[PDB]
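Enquirer: In order, the protein sequence lines correspond to chains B2 and BU.
The opening residue of the first sequence carries number 1 in PDB author numbering; numbering runs sequentially from there.
The opening residue of the second sequence carries number 1 in PDB author numbering; numbering runs sequentially from there.
Got a structure for you, written out below as structure tokens; questions coming shortly.
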Amino acid sequence: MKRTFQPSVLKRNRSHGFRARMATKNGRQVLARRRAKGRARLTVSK
Amino acid sequence: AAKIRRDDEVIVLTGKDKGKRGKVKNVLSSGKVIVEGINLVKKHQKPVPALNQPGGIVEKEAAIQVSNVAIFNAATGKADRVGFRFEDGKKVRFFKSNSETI
RNA sequence: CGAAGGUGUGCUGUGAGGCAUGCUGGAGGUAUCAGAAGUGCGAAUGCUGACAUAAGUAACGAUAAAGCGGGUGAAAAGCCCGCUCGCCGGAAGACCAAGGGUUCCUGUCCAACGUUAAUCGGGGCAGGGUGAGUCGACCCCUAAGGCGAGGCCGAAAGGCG
RNA sequence: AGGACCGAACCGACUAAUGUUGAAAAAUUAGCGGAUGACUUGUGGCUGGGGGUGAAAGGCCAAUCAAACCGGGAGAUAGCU
RNA sequence: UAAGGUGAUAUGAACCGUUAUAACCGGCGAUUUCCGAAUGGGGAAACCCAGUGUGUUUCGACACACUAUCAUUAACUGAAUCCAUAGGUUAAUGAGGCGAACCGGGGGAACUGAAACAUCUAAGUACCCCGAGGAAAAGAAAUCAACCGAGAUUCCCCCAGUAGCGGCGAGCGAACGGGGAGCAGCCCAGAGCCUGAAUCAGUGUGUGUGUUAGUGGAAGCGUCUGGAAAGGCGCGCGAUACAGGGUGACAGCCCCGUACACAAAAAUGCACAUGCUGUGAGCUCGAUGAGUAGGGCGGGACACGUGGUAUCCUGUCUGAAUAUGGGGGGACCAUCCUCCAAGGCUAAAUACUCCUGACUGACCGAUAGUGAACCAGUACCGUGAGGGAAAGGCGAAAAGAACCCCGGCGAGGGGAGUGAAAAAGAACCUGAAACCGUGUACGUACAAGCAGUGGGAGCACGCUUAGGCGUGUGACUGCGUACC
Numbered sequence: 001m002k003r004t005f006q007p008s009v010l011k012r013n014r015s016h017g018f019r020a021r022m023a024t025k026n027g028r029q030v031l032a033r034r035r036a037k038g039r040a041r042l043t044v045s046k
Numbered sequence: 001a002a003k004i005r006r007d008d009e010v011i012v013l014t015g016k017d018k019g020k021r022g023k024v025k026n027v028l029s030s031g032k033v034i035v036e037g038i039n040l041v042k043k044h045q046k047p048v049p050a051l052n053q054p055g056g057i058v059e060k061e062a063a064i065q066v067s068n069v070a071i072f073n074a075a076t077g078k079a080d081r082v083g084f085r086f087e088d089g090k091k092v093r094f095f096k097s098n099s100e101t102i
């Protein structure tokens, strides 16, 4: 049937994309916490 | 500093054959050397007729650890501590085992 | 020239234990006496790993159904070729897009994958392939909305206009 | 002309049946029905936690919700287990 | 410094060799695509599109070097509007982003305790924000005492579970001051005399010694066992060197090393001496801060709760005195002592880590210790913040699987080679419990409960020199409702 998440790299890159996160205090802090946990990707749209 | 070099005969202080001596053929970055007539290894090798076709086994040379290879004394059938000192370029033997200690 | 660990069989004490002797191992061990606890396992609707039974029992993804002859192969009813049949035919067809990402094609390979057979394959592994002035994007303007100077509000993150 | 009678595309929940360790995170088969509207829809936005949204059920708010989800104070507290 | 190197899986060709760029390293100093402060503007993780000025040419499009924002400095320009200035332009400096932990300021709980709750406790914690230095912060008095006097602050042991506060509850909890660590104080309100005299930093050098590239440094042989010894033995010898580590089973005498000892292109710490620049040793006499202290009203910080509540910040109104003046001394008053505001600054003894170095653990060892020793914050879950594994160790050495063959010119495998061994074949140390095949002996096709414990025929097995001992199996029968 239908899913609550449908595949879209346009809206993923708009909410969770690297520059989109960096352009906000809290998203830039999510990225700072990615670097604290050591996550190998900082974007999953590119 | 050097303690054996490749220009004169060496003897092996490891588990290897104690009745053989030879010169160094080649040196490795692993702290190892290849020596003439001491040791050989069988080496089967992949036949692969359209890419190799080696005619069976290779029977090749094998390296040994450089700390327990020593210079042959050519006098009493054994290894000796001799010292390496020279005024210009490559340091060669000064044979401290044939001189008095101070 | 066989020390610990693990472990069998016998011996021995009221008992936690202690002792002799075989198998395995090939590296480590330490007799005694004095100091010191990170010192006694089956349970916590406890945490993590392994395996039996349930049981060859369930299922193989609806209700279009491929057949025979020949081939290729060690092997084929499913692959290649021939003849023939069947169903869908507003789809079970044709073109465009999002989203995905080497999937295309020939050339081979058959361990694993497609909960099978597999010679097929979007699978393994190579090699080849993506030729634009005009096509879709870009151009130039800009809606909803976002950002936002000078300016304002706010410790501030942030926000108004 | 039409908050009009029937009706494709389009939409969609009411009855019945099948499904229910499924094909299945809600479908399937048949029918009745919504179809110029107080409608529906392609594409991109905007509305947030006692706040949103609601012709208003405390329903819906990414399966969760008399108060969502994650991370912290938190190994809080339990005359009990 | 040095002869073997050109990173590794990785070999070979080619290439430096060994001789004045071989590789490797120390100093400083270039080179540094695009994203990214990102600085023309736009924006999207590595992309997009302009302008200013100059030149070139089929004047079909090339391609330098430059253009941000804010604050300040200068120069030109300039609107209403003359002059001017907002505005515009050009050059320069400062900031911007990053980096572990510490640190000043701002926002500010609930839980918890009060065996119950609001004040009080908890807590200026938790978490978030701003900002900044090598430390941040504090300071030498309108302070603190008590007639004795102190004479900066911070950090430590104490003072003290005392004073004080306190639903006179629960409990919060000092100061004075001692012992100690650690000791730098000054200027402006203003001038001269003295002479550049004390002290500190910076900078050109010098000396002494470390740091960043180092190389020297004493002794062990034989014999046996073993495939191999760093072992046994004979004993021998060194030790200011018996520390790690490495090398084929235990290395004081094999290697990198240690004790012990040096050497210097450039860069640089500590300390001794010196030049220079800046600061200026000593003497003496003036002079003592008025929109802010008080005062009414209200908060904040005080150990300190609304009380009889001082003090210091601070909101608001209001605003002062001169020596028979003023602040304070925890109500208020006097007396008295002490300070005299209304100006500015301050040693590190203290705090801490990504990093640099020395030392250490009665630390763990693949479920340990971090979730993570392993191409792990990977695979994988969610729209997302955020959750989150499996998986190490053949061997001394790659010697790593030829050759002989069955098969599909297979998988899988025997023989065989290597090797100590692959009954070590990379799926590889040695491996108990769980699991499943292989073989032998017994009971074995008419009788019903925790399957054990006693008594026990037959059969089969092992010990014993055997003299009532075990093992396997077991007819039948006395006793018998488990365990947390």
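All C-beta atoms, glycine included, are put in the ideal place defined by N, C-alpha and C.
Report the CB separation of residue 13 (chain BU) from residue 75 (chain BU) in whole angstroms; it is logged as a contact under 8 Å.
Expert: The Cβ separation is near 17 Å, so there is no contact.
Enquirer: Going by DSSP in three states, residue 93 (chain BU) sits in which element: helix, strand or coil?
Expert: strand
Enquirer: According to DSSP, is residue 45 (chain BU) helix, strand or coil?
Expert: coil
Enquirer: Within 10 angstroms of the Cβ of residue 72 (chain BU), are there 16 or more other Cβ atoms? Answer buried if so, exposed if not.
Expert: buried
Enquirer: Does DSSP classify residue 65 (chain BU) as helix, strand or coil?
Expert: The DSSP-derived three-state label of residue 65 (chain BU) is strand.
Enquirer: The beta strand (DSSP E) with residue 31 (chain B2) in it runs from where to where?
Expert: Residue 31 (chain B2) -> not in any beta strand (DSSP E); alpha helix (DSSP H) instead, spanning 25-37.
Enquirer: Return helix, strand or coil for residue 70 (chain BU), following the three-state DSSP convention.
Expert: strand
Enquirer: Classify residue 16 (chain BU) as helix, strand or coil using the three-state DSSP reduction.
Expert: coil
Enquirer: Spatial neighbours of residue 23 (chain BU) within its chain, please: CB distance less than 8 Å, with the 5 preceding and 5 following residues excluded, ordered by chain position.
Expert: In the same chain as residue 23 (chain BU), and ignoring 5 residues on each side of it, the C-beta atoms closer than 8 Å to its own belong to 6, 7, 8, 9, 10, 35, 36, in chain order.
Enquirer: Taking the beta strand (DSSP E) that residue 2 (chain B2) belongs to, which residues open and close that run?
Expert: That residue, residue 2 (chain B2), is in no beta strand (DSSP E); it is neither H nor E in DSSP.
Enquirer: Which residue marks the beginning of the alpha helix (DSSP H) containing residue 9 (chain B2), and which one marks its end?
Expert: 9-15
Enquirer: So residue 3 (chain BU) and residue 86 (chain BU) are in contact, right, with Cβ under 8 Å, and what is the actual spacing, rounded?
Expert: Not confirmed; about 14 Å, so no contact.
Enquirer: Does residue 18 (chain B2) come out as helix, strand or coil in the three-state DSSP assignment?
Expert: If DSSP states are grouped into helix, strand and coil, residue 18 (chain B2) belongs with the helices.
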